[PDB]
Each structure stands twice: as structure tokens, then as C-alpha cells.
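A.B. asks: Supplied in C-alpha cells, the structure appears directly below.
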Amino acid sequence: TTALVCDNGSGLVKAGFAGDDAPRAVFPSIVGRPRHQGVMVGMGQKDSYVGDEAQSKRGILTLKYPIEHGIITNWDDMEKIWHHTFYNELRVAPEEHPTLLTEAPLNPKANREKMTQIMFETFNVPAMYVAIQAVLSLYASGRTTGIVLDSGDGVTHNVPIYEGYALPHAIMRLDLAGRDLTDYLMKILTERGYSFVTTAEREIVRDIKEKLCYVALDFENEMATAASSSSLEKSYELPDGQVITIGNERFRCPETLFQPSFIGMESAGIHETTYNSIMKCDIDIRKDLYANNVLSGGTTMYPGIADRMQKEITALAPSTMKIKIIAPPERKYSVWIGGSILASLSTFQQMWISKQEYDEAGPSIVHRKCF
Amino acid sequence: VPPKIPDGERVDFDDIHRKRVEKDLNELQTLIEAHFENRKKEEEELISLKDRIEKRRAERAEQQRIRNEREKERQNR
Amino acid sequence: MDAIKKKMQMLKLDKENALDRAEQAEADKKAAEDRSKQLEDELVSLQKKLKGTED
Amino acid sequence: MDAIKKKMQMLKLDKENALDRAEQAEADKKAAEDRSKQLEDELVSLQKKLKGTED
Ligand SMILES: Nc1ncnc2c1ncn2[C@@H]1O[C@H](COP(=O)(O)OP(=O)(O)O)[C@@H](O)[C@H]1O
Ligand SMILES: [Mg+2]
Numbered sequence: 005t006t007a008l009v010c011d012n013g014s015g016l017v018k019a020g021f022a023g024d025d026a027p028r029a030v031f032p033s034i035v036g037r038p039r040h041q042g043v044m045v046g047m048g049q050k051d052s053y054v055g056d057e058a059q060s061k062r063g064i065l066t067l068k069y070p071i072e073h074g075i076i077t078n079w080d081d082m083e084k085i086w087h088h089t090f091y092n093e094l095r096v097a098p099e100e101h102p103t104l105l106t107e108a109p110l111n112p113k114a115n116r117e118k119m120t121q122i123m124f125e126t127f128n129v130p131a132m133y134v135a136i137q138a139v140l141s142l143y144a145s146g147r148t149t150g151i152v153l154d155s156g157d158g159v160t161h162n163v164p165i166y167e168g169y170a171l172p173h174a175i176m177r178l179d180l181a182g183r184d185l186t187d188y189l190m191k192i193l194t195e196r197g198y199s200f201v202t203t204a205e206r207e208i209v210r211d212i213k214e215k216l217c218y219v220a221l222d223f224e225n226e227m228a229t230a231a232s233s234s235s236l237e238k239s240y241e242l243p244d245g246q247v248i249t250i251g252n253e254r255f256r257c258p259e260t261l262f263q264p265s266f267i268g269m270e271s272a273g274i275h276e277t278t279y280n281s282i283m284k285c286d287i288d289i290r291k292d293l294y295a296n297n298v299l300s301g302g303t304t305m306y307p308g309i310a311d312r313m314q315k316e317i318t319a320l321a322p323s324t325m326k327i328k329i330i331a332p333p334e335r336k337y338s339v340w341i342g343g344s345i346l347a348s349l350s351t352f353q354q355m356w357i358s359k360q361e362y363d364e365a366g367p368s369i370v371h372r373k374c375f
Numbered sequence: 078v079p080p081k082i083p084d085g086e087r088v089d090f091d092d093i094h095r096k097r098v099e100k101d102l103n104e105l106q107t108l109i110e111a112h113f114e115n116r117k118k119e120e121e122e123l124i125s126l127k128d129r130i131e132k133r134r135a136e137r138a139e140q141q142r143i144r145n146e147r148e149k150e151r152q153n154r
Numbered sequence: 001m002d003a004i005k006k007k008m009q010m011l012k013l014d015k016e017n018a019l020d021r022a023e024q025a026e027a028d029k030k031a032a033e034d035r036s037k038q039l040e041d042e043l044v045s046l047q048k049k050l051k052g053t054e055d
Numbered sequence: 001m002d003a004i005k006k007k008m009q010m011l012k013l014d015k016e017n018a019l020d021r022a023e024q025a026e027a028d029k030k031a032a033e034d035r036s037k038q039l040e041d042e043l044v045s046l047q048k049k050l051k052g053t054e055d
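Chains as they are written, first to last, in PDB author numbering: chain B, 5 to 375; chain K, 78 to 154; chain O, 1 to 55; chain N, 1 to 55.
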């Protein structure tokens with residue numbers, strides 16, 4: 005039979021059968037209970053709208069993501085999300101399909117063990133396998149080397165790989181991602197008068213960020229230009245009218261990636277953690293990693309980031325090496341495409357964690373040889 | 078110990094052709110076909126239908142004027 | 001619109017590939033010509049050594 | 001329209017420029033490589049005649 009390539013993610017759940025080009029169903033991972041009282045009788049009001057249904061009734065819900073930073077903080081809601089994904093968005097019972105979840109690097113063990121225990125006890129799948137979210141993004145590019153920066157919505161991690169041999173001592177995981185950029189944008193919009201507070205209006209700020217923000221090639225020059233002319237002010241129409249005008253908030257929101265001091269984080273930007281991740285590698289594979297830097301994940305879709313990052317790394321790196329940044333147009337679904345490719349391989353067909361194996365060793369089987 | 082992947086045979090970077098070159102031409106041609114058929118179905122039919130509705134609207138206007146005038150003529154007392 | 005963006009992306013993929021190939025070929029030419037000229041210098045030094053041996 | 005034409009023409013020009021530059025570089029690379037081979041072949045015989053002279 006065919007395998008189910010699910011990809012929990014944090015912000016958008018992407019799923020679909022193995023062997024295709026794009027995920028079949030992509031929908032936000034939010035579960036929102038209603039918060040008001042409700043007076044109409046017999047309206048058929050449910051107790052929790054999940055997935056894309058709660059992005060249409062969000063006016064009277066309190067949306068809450070079940071995955072904070074890679075890790076899962078609310079297991080009941082995550083179980084509800086998985087149940088919805090299997091039964092309503094794909095309509096395939098899990099009793100007859102292997103599953104291939106994905107997990108960020110350096111995550112707590114208990115999260116992974118609970119994930120496999122749920123998949124084997126509640127949904128009762130035949131066999132499931134957990135894979136690191138960066139190796140798949142490297143599969144999708146058709147490479148076999150390269151250092152991949154997978155800046156998702158929950159957590160940004162940077163896994164270097166050479167000739168198929170991952171370097172476990174050079175993984176640099178940073179917890180700045182799309183959600184923190186949304187919060188920072190929502191916080192700097194208040195400088196013009198627009199106040200978004202409700203958890204429903206966070207979605208509106210996210211839409212503003214997606215449609216308007218861009219990464220500046222040079223930050224100081226843009227700050228000077230936006231403060232003199234008015235060629236940058238782009239307007240946007242809220243879900244009820246009252247258009248708003250975003251000035252130099254456009255390139256200040258995604259600039260947080262390269263200067264995490266804006267949101268008070270100490271660490272260095274995504275332009276310098278990649279160079280540090282390279283320098284921890286051996287001295288003989290640094291040229292190949294320099295030449296095959298891969299971008300993935302949703303948050304790396306800002307217009308103009310593949311040039312800013314290249315300029316920064318070229319500034320840091322030695323002058324002789326060639327710096328090349330692979331930015332495929334299908335960046336958002338790169339991890340899932342790689343997952344489909346991996347699940348479609350014949351050599352991989354014996355790596356699944358078969359159910360009888362789980363019955364013999366318990367949930368701690370995932371840390372064992374079947375990784 | 079870290080997992081040990083059993084040794085296989087092949088391949089990689091050879092499916093990039095079979096997943097890229099396909100849509101490099103088929104997708105472009107199919108989308109061009111879709112745009113052509115949608116424009117043909119939509120624009121000319123919409124303009125013709127709007128002209129037809131405009132003519133019917135003018136006829137309704139004439140009927141309204143005639144009825145209003147005759148009723149005002151009779152009722153004027 | 002829709003197809004126009006994809007066509008632009010194709011035209012950009014061609015751009016990147018052609019430019020990268022051009023740069024790589026230029027680097028190859030630089031390396032090969034440096035190799036040839038160093039070999040020629042070695043040949044010259046051998047001629048001079050032969051001259052000293054002849055003397 | 002206007003933007004599509006100019007952007008498409010400029011990008012095709014970029015592709016053609018890169019391609020022709022790469023071809024010129026590769027031609028010079030091949031010529032330099034063959035000349036280098038000639039230098040090697042002559043240098044070996046120069047060494048042989050030098051060795052005979054020294055003997
Ligand atoms: N076109 C876009 N431009 C800018 N940011 C985007 C765009 N699309 C998605 N994002 C950001 O990326 C996030 C989605 O990232 P995603 O790759 O789905 O995360 P995950 O790894 O959990 O799947 C969204 O929250 C949004 O903030
Ligand atoms: Mg991801």
C-alpha cells in the first residue's frame with residue numbers, strides 16, 4: 005500500500021500520500037473553543053473547530069496553537085488535530101497506512117516517545133517512522149551534501165550534512181522563527197496607532213507580514229530612505245475596511261532574523277549561526293558546504309532574503325570561497341516533498357518501526373536502531 | 078549507538094529531471110491553454126450579455142416612461 | 001497573473017544556470033592558463049640549466 | 001503591456017551573455033590545455049638531452 009507522509013510542523017500541517025509533488029491538504033494547526041455564550045438553539049454548534057474551519061469562524065473563537073516551539077505542549081489538542089487530518093482532510097483510515105512524521109532536531113525525548121505511543125495506540129497505524137526535518141529538505145533539493153537552514157514557523161535549525169554523513173556536533177538550533185516575527189510586527193504596528201490584541205487578530209497581523217514585509221538588502225540605507233521619501237508606504241485593507249499604511253515597518257519586522265537583539269534575544273542572526281555551524285565542521289568539507297548552502301522552510305520566503313544572506317556570508321567567509329545559496333521556488337513544501345521522496349524509496353522500506361517491534365520494546369524503541 | 082543505514086544501490090539527483098522537466102513544459106502549456114479557454118469563455122460572452130441586458134434595460138425604461146405618462150395623464154385631477 | 005510568474009521563474013532559472021556556468025568556465029580558464037605559464041617557466045629554467053651544463 | 005517585454009528581453013539577454021562568455025572561456029581553456037600538453041612533451045625531451053649532456 006501507500007504511505008502517509010504527514011508533517012506536523014508548527015503553524016501549517018502538511019499531509020499527503022507518498023509519491024506526489026505537493027501535499028494534498030494544507031491547513032493551519034489551530035484548535036479554537038468558542039468563548040461567548042450562544043443563544044440560538046439547534047444551530048448545531050460544536051465544542052471545538054479545528055483546522056481550516058476555525059480560520060473562518062475566528063471572530064468568536066479563541067484559537068490556540070498546540071505546538072509552541074517544535075515541542076508539543078497540549079497533547080489532547082494535537083491528538084484532535086491528527087484525527088482531523090486523517091479522517092476529514094484525507095479520508096483514509098490509519099489502520100492500513102504507514103506514517104512518516106517529522107521532528108525538529110534537538111527536541112525533548114518525551115515528545116517523540118509520546119508521539120509514537122499515540123500513533124501506535126490511538127490511531128493504530130501499521131508502522132511509523134520519525135525523521136529530522138532538515139534531511140528531508142536536503143532530499144528535495146536532489147543534493148547529497150550541503151548545510152540546510154530550515155527556518156520554519158516554530159524553530160529555526162541549521163543541520164550541516166556531507167556526503168550523507170550528518171555532523172551531530174554542528175547542529176545550531178535557534179528558537180527565533182515566524183511566530184516571533186509575527187509578535188514583533190504586532191508590537192511595532194502600535195507605533196502608528198493600530199492595536200491588535202485578540203488571538204484572532206494575530207492572524208490578521210500574520211497576513212500583513214506575509215503580503216507586505218520584505219528583507220532589506222542594506223538596513224541603514226533603507227532606514228534612511230524610508231525616513232525621507234514615501235515610496236515605500238504600502239497600504240492594506242483590513243477584514244472590515246479602514247485601510248492601514250505600513251511605512252518602515254515593512255523591512256523592520258523580518259530584520260529581526262539577522263539581529264535577534266530586536267526582540268531581546270542574545271544570539272546572533274541567521275546570517276552568523278550558519279557561518280558558525282560551518283566553522284565547527286572539519287577543515288576539508290568547508291568549501292562544499294559554502295557552495296551548497298540550502299534554504300528551506302516557510303519563513304525563508306521573504307522577498308530579497310537570498311541576496312541579503314549571501315551578502316552577509318560573503319562578508320564573513322574568506323574571500324576565495326564561492327558562496328552560493330540554493331533557494332528553490334517550492335521552498336514552503338520542500339520538507340514534505342523530501343518526505344515523499346524518502347517514503348517512496350525501496351531501500352528505505354525496511355526501516356519502518358513495525359508494530360510487533362513496538363510491542364516488544366515499548367515506546368522507547370524510537371531512540372534505538374530504528375531512529 | 079547511532080543508527081546504521083543498510084547499504085543500497087542508487088540513486089539521487091536523477092529524479093530532479095523527471096520531476097522538473099515534466100512541469101517545465103507541460104505546466105506552462107496547460108496553463109496557457111487554461112488562460113486562453115477562460116478568456117474566450119468569459120470576456121466576450123460577458124460583454125455581449127451586458128449589452129443584451131442594457132438593451133432590455135432601455136426597453137424597460139421606455140415601458141416605464143409610457144406607463145408613468147399615461148397614468149399621470151389620466152390621474153391628473 | 002498566474003502563468004506569467006511561472007514563465008518569469010523559468011527565465012530566471014536559465015539566468016542562474018547560464019551565469020554560474022560562465023563563472024565556472026572563467027575560473028577554469030584562469031587555472032588552466034596559470035598551469036600552462038608555470039610549466040613554460042619551468043621549461044625556461046631547464047633551458048638555462050642546460051646552457052650552464054653546456055658551458 | 002510594458003513591463004513584461006522589457007524584463008523578459010533583459011533576462012534573455014543575460015542568459016545569452018553568460019552562455020557566450022562561457023563558450024569563449026572554454027575555448028581558451030581547451031587551447032591553453034593543448035599548448036600545456038605541448039610544453040610537457042617538449043620539456044621531457046629537453047630533460048633527456050640534458051641528461052645525455054650531463055653524462
Ligand atoms: N509567502 C510568505 N512570505 C512570508 N512569510 C511566510 C510566507 N508563507 C509563510 N510564511 C511564514 O511561515 C510560516 C509557515 O511556515 P511553515 O514552513 O509552514 O512552518 P512549519 O515548518 O511548521 O511547516 C507562517 O507562519 C508565516 O509566518
Ligand atoms: Mg518545517
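All C-beta atoms in this analysis are idealised placements derived from N, C-alpha and C, irrespective of residue type, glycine included.
So, using beta-carbon positions, are residue 29/B and residue 93/B closer together than 9 Å?
C.D. replies: As a working mapping, residue 29/B is identified with position 25 in the first sequence. As a working mapping, residue 93/B is identified with position 89 in the first sequence. Yes; because the gap between Cβ atoms is below 9 Å, this pair is in contact.
A.B. asks: May I ask you to list, following chain order, the residues of the segment 37–57 of chain B that have a beta carbon less than 7 Å from some beta carbon of chain O?
C.D. replies: Listed in sequence order: no entries.
A.B. asks: Between residue 78/K and chain B, is the shortest Cβ-Cβ distance under 9 Å, so that the two count as touching?
C.D. replies: Taking the second sequence and counting its residues from 1, the one referred to as residue 78/K is at position 1. Yes, its Cβ sits closer than 9 Å to a Cβ of chain B.
A.B. asks: For residue 18/B, is the beta carbon positioned less than 8 Å from some heavy atom of ligand 1?
C.D. replies: What you label residue 18/B is simply residue 14 of the first sequence in a count that begins at 1. For ligand 1, at least one heavy atom lies less than 8 Å from the Cβ of residue 18/B.
A.B. asks: Hey, out of 213/B, 260/B, 223/B, 280/B, whose CA is closest to residue 250/B's CA?
C.D. replies: Here the question's residue 250/B lines up with position 246 in the first sequence. Out of 213/B, 260/B, 223/B, 280/B, 213/B has the C-alpha closest to the C-alpha of residue 250/B.
A.B. asks: In chain B, which residues lie with their C-beta within 7 Å of the C-beta of residue 9/O?
C.D. replies: On the third sequence, position 9 is the one that residue 9/O refers to. By Cβ distance, chain B contributes 333.
A.B. asks: With a threshold of 9 Å between beta carbons, is residue 128/K in contact with chain B?
C.D. replies: Here residue 128/K refers to the residue found at position 51 when the second sequence is read from its first residue. No, residue 128/K lies away from the interface with chain B (no Cβ there is under 9 Å from its Cβ).
A.B. asks: Compute every distance between the C-beta of residue 302/B and the non-hydrogen atoms of ligand 1, then say whether any falls below 8 Å.
C.D. replies: If you number the first sequence from 1, residue 302/B lands on position 298. Result yes, Cβ under 8 Å from ligand 1.
A.B. asks: If residue 81/B and residue 301/B are in contact, beta carbons under 8 Å, what's the gap, nearest whole angstrom?
C.D. replies: Here the question's residue 81/B lines up with position 77 in the first sequence. Here the question's residue 301/B lines up with position 297 in the first sequence. Not really, about 23 Å apart at Cβ, beyond 8 Å.
A.B. asks: In chain B, which residues lie with their C-beta within 8 Å of the C-beta of residue 93/K?
C.D. replies: On the second sequence, residue 93/K is found 16 positions in, with the first residue counted as 1. Residues of chain B passing the Cβ test: 146.
A.B. asks: Keeping to the same chain, check which residues put their C-beta closer than 6 Å to that of residue 305/B; ignore five residues upstream and five downstream.
C.D. replies: By 1-based counting over the first sequence, the position of residue 305/B is 301. Same-chain partners within the cutoff: 335.
A.B. asks: List the residues that DSSP assigns as beta-bridge partners of residue 161/B.
C.D. replies: One-based indexing of the first sequence puts residue 161/B at position 157. Partner(s): 154/B, 177/B.
A.B. asks: Using a Cβ-Cβ cut-off of less than 8 Å, list which residues of the segment 27–38 of chain N approach chain O; keep chain order.
C.D. replies: So the close ones are 28, 29, 32, 33, 35, 36.
A.B. asks: Is the CB of residue 14/N under 9 Å away from at least one CB in chain O?
C.D. replies: Stepping through the fourth sequence from its first residue, residue 14/N is reached at position 14. Closer than 9 Å: yes.
A.B. asks: Which runs of the beta strand (DSSP E) at least 3 residues long sit entirely within the segment 109–152 of chain B? Give them in chain order.
C.D. replies: Runs found: 131–136.
A.B. asks: For the structure I just gave you, are there three or more beta carbon pairs, one from the segment 63–74 of chain B and one from the segment 203–213 of chain B, closer than 8 Å?
C.D. replies: Touching, yes, given that three or more Cβ pairs across the two stretches are closer than 8 Å.
A.B. asks: Would you say residue 119/K reaches chain O, if we count a Cβ-Cβ gap shorter than 9 Å as a contact?
C.D. replies: As a first step, residue 119/K is located in the second sequence; it is residue number 42 there, counting from the start. So, not an interface residue.
A.B. asks: Report the three-state DSSP secondary structure of residue 37/B (helix, strand or coil).
C.D. replies: Mapped onto the first sequence, residue 37/B falls at position 33. Three-state result, residue 37/B: strand.
A.B. asks: Could you compute how far the alpha carbon of residue 315/B sits from the alpha carbon of residue 364/B?
C.D. replies: The residue given as residue 315/B occupies position 311 in the first sequence. The residue given as residue 364/B occupies position 360 in the first sequence. Their Cα atoms are separated by approximately 53 Å.
A.B. asks: Between residue 128/B and residue 101/B, what straight-line distance do the alpha-carbon atoms span, to the nearest angstrom?
C.D. replies: Looking up residue 128/B in the first sequence gives position 124. Looking up residue 101/B in the first sequence gives position 97. If I take the Cα positions, the gap works out to 10 Å.
A.B. asks: Can you determine whether any heavy atom of ligand 2 sits closer than 8 Å to the C-beta of residue 339/B, and answer yes or no?
C.D. replies: Residue numbering aside, residue 339/B sits at position 335 when the first sequence is read from its first letter. Result yes, Cβ under 8 Å from ligand 2.
A.B. asks: Output needed for residue 39/B: all residues of its chain with C-beta closer than 6 Å, excluding positions within five of it in sequence on either side, in chain order.
C.D. replies: As a position in the first sequence, residue 39/B is number 35, starting the count at 1. Counting only Cβ-Cβ distances below 6 Å, and skipping sequence neighbours, we find 66.
A.B. asks: Between the C-alpha atoms of residue 85/K and residue 38/N, what's the straight-line distance to the nearest angstrom?
C.D. replies: As a first step, residue 85/K is located in the second sequence; it is residue number 8 there, counting from the start. As a first step, residue 38/N is located in the fourth sequence; it is residue number 38 there, counting from the start. Going from the Cα of residue 85/K to the Cα of residue 38/N covers about 45 Å.
A.B. asks: Return the bridge partner residues of residue 29/B from the DSSP annotation.
C.D. replies: The count along the first sequence starts at 1 and reaches residue 29/B at position 25. Per DSSP, 19/B.
A.B. asks: Spatial neighbours of residue 216/B within its chain, please: C-beta separation below 8 Å, excluding the five flanking residues on both sides.
C.D. replies: Against the first sequence, residue 216/B aligns to sequence position 212. Result list for residue 216/B: 238, 240, 250, 254, in chain order.
A.B. asks: Can you find a heavy atom of ligand 2 that lies under 8 Å from the Cβ of residue 157/B?
C.D. replies: On the first sequence, residue 157/B is found 153 positions in, with the first residue counted as 1. Checking every heavy atom of ligand 2 against the Cβ of residue 157/B, one is found closer than 8 Å.
A.B. asks: Thinking C-beta only, is residue 2/N closer than 9 Å to residue 19/O?
C.D. replies: Within the third sequence, the letter at position 19 stands for residue 19/O. Within the fourth sequence, the letter at position 2 stands for residue 2/N. No. Outside cutoff.
A.B. asks: Which same chain residues, not among the five before or five after residue 289/B, have their C-beta less than 6 Å away from its C-beta?
C.D. replies: Locating residue 289/B in the first sequence gives position 285, where the first residue counts as 1. Excluding residues within five positions, the ones whose Cβ falls inside 6 Å are 166.
A.B. asks: Using a Cβ distance threshold of 8 Å, determine whether the segment 106–118 of chain B contacts the segment 127–145 of chain B, with at least three qualifying pairs required.
C.D. replies: Segments in contact, yes.
A.B. asks: Check the Cβ of residue 3/O against every Cβ in chain K and list those closer than 7 Å, keeping chain order.
C.D. replies: Taking the first residue of the third sequence as position 1, residue 3/O is located at position 3. Ordered by position in chain K, the residues that pass the 7 Å Cβ test against residue 3/O are 105, 108, 109, 112.
A.B. asks: Taking 8 Å as the limit between beta carbons, can you name the residues of its chain near residue 91/B, skipping five residues before and five after?
C.D. replies: Taking the first residue of the first sequence as 1, we reach residue 91/B at position 87. Contacts found: 97.
A.B. asks: Using the three-state DSSP reduction, which class does residue 42/B fall into: helix, strand or coil?
C.D. replies: Looking up residue 42/B in the first sequence gives position 38. It is coil, neither helix nor strand.
A.B. asks: So, do the segment 147–161 of chain B and the segment 96–115 of chain K have three or more beta carbon pairs nearer to each other than 8 Å?
C.D. replies: The segment 147–161 of chain B vs the segment 96–115 of chain K: no contact.
A.B. asks: Could you tell me the alpha carbon to alpha carbon distance between residue 45/N and residue 28/N, rounded to whole angstroms?
C.D. replies: Locating residue 45/N in the fourth sequence gives position 45, where the first residue counts as 1. Locating residue 28/N in the fourth sequence gives position 28, where the first residue counts as 1. In a straight line, the C-alpha of residue 45/N is about 26 Å away from that of residue 28/N.
A.B. asks: Just the chain O side, please: which residues come within less than 8 Å of residue 89/K by C-beta, in chain order?
C.D. replies: Numbered from its first residue, the second sequence carries residue 89/K at position 12. Within 8 Å Cβ-Cβ: nothing; residue 89/K doesn't reach chain O, min ~19 Å.
A.B. asks: Between 345/B, 346/B, 313/B, 321/B, which lies nearest to residue 330/B when the distance is taken from Cα to Cα?
C.D. replies: Mapped onto the first sequence, residue 330/B falls at position 326. Of 345/B, 346/B, 313/B, 321/B, the residue nearest in Cα terms is 313/B.
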